[PDB]
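Chemist: Starting off with a structure, shown below.
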Amino acid sequence: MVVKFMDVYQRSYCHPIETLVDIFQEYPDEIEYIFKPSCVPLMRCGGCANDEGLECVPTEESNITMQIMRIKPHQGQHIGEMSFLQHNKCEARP
Amino acid sequence: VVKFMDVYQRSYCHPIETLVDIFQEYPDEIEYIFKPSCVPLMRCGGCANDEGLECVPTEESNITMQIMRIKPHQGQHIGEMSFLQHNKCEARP
């Protein structure tokens with residue numbers, strides 16, 4: 001099995017990739033909460049690090065809602081719907 | 001809405017497509033230019049935590065890819081490069 005060069009090159013091009021994202025990062029006003037799970041997999045644009053000043057940016061986005069366990073210090077476990085941003089399409093840009 | 005048990009299971013340590021710099025995998029070739037400069041590989045990932053839990057591979061394989069390489073004073077070559085992939089993972093303390 002060898003992946004051909006043109007496929008390799010195309011596969012590495014800026015595209016949405018499954019990415020573990022910390023829930024607190026997406027819900028910065030909920031610093032006091034413990035979340036289970038603490039991170040969720042979201043489709044997020046990714047491309048190769050380069051020295052040409054290019055970044056991989058989303059050109060189409062959508063939301064996904066997930067039931068997350070939300071816990072305060074000595075309060076009981078709640079299960080709540082939380083919405084997260086996903087990337088559906090990407091492009092490389094300065 | 002994704003159900004809680006589905007969510008929880010999806011976040012458990014598992015192989016995830018991960019962009020890996022060729023220079024990270026082959027640091028002895030940092031003098032050279034590769035195209036593309038990174039490749040997508042399946043690698044174990046789990047949620048960051050302070051409980052000392054790591055996410056580690058329990059089954060692995062190699063994938064070979066044609067990569068363009070250029071060394072100083074030479075033209076472009078295309079050749080096979082092998083990379084490690086993770087096929088199964090488990091969380092461990």
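Every chain in the structure tokens takes a letter, A first, then B, and so on in the order presented; its residues are numbered from 1, and the ligands are numbered from 1 following the presented order.
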Contacts of residue 94 (chain A) at 12 Å or less, counting only C-alpha atoms, minus same-chain residues fewer than 2 places along, as a PyMOL selection string?
Modeler: chain A and resi 50-57+91-92
Chemist: Contacts from chain A to chain B, 12 Å maximum, only C-alpha atoms: show me the residue list as a VMD selection string.
Modeler: chain A and resid 1 to 24 34 to 51 63 to 70 78 to 84
Chemist: Among the residues of region 22-90 of chain B, find those DSSP assigns to alpha helix (DSSP H) from the backbone and print them as a ChimeraX atom specification.
Modeler: /B:22-25
Chemist: What is the distance, in Å and to one decimal place, between CA of residue 14 (chain B) and CA of residue 51 (chain B)?
Modeler: 18.1 Å
Chemist: Neighbours of residue 89 (chain B) within 9 Å (only C-alpha atoms; same-chain residues fewer than 6 positions away dropped), as a short mmCIF file (atom, residue, chain, number, x, y, z; two decimals) with N, CA and C atoms, in the first residue's frame?
Modeler:
```cif
data_model
loop_
_atom_site.label_atom_id
_atom_site.label_comp_id
_atom_site.auth_asym_id
_atom_site.auth_seq_id
_atom_site.Cartn_x
_atom_site.Cartn_y
_atom_site.Cartn_z
N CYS B 13 -10.81 8.13 24.45
CA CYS B 13 -9.55 7.86 23.75
C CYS B 13 -9.75 7.02 22.50
N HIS B 14 -9.40 7.55 21.33
CA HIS B 14 -9.56 6.81 20.09
C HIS B 14 -8.66 7.43 19.03
N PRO B 15 -8.43 6.73 17.92
CA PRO B 15 -7.63 7.32 16.85
C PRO B 15 -8.35 8.46 16.14
N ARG B 43 -3.99 9.08 14.94
CA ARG B 43 -3.26 9.12 16.20
C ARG B 43 -4.19 9.20 17.38
N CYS B 44 -3.86 8.46 18.43
CA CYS B 44 -4.72 8.42 19.62
C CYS B 44 -4.86 9.78 20.24
N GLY B 45 -6.09 10.14 20.58
CA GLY B 45 -6.38 11.38 21.27
C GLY B 45 -7.49 11.21 22.27
N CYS B 55 -3.71 8.74 26.97
CA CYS B 55 -4.37 8.03 25.88
C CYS B 55 -3.25 7.45 25.07
N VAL B 56 -3.18 6.12 25.00
CA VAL B 56 -2.03 5.48 24.37
C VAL B 56 -2.45 4.42 23.38
N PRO B 57 -1.62 4.18 22.37
CA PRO B 57 -1.97 3.17 21.37
C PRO B 57 -1.80 1.75 21.89
N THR B 58 -2.70 0.87 21.44
CA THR B 58 -2.60 -0.56 21.74
C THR B 58 -2.51 -1.40 20.48
N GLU B 59 -2.67 -0.76 19.33
CA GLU B 59 -2.47 -1.43 18.05
C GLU B 59 -1.99 -0.36 17.08
#
```
Chemist: If I take CA of residue 60 (chain B) and CA of residue 88 (chain B), how far is one from the other in Å, to one decimal?
Modeler: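 Answer for the CA of residue 60 (chain B) to CA of residue 88 (chain B) separation: 7.2 Å.
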Chemist: So the first atom is CA of residue 34 (chain B) and the second is CA of residue 70 (chain B); what is the distance between them in Å, to one decimal place?
Modeler: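 Atom-to-atom, CA of residue 34 (chain B) and CA of residue 70 (chain B) are spaced 6.6 Å apart.
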Chemist: Quick one: pick out all strand (DSSP E or B) residues within chain B from a backbone DSSP run and write them as an MDAnalysis selection string.
Modeler: chainID B and resid 2 14:21 33:35 38:45 54:70 77:92
Chemist: Using only C-alpha atoms for the distances, tell me which of B:74, B:26, B:61, B:54 is nearest to residue 90 (chain B).
Modeler: B:54
Chemist: When you count only C-alpha atoms, which of these residues is closest to residue 29 (chain B): B:92, B:77, B:69, B:86?
Modeler: B:69
Chemist: Do a neighbour search on residue 33 (chain A) at 8 Å with only C-alpha atoms, toss out local chain neighbours closer than 4 positions, and write the hits as a ChimeraX atom specification.
Modeler: /A:70-73
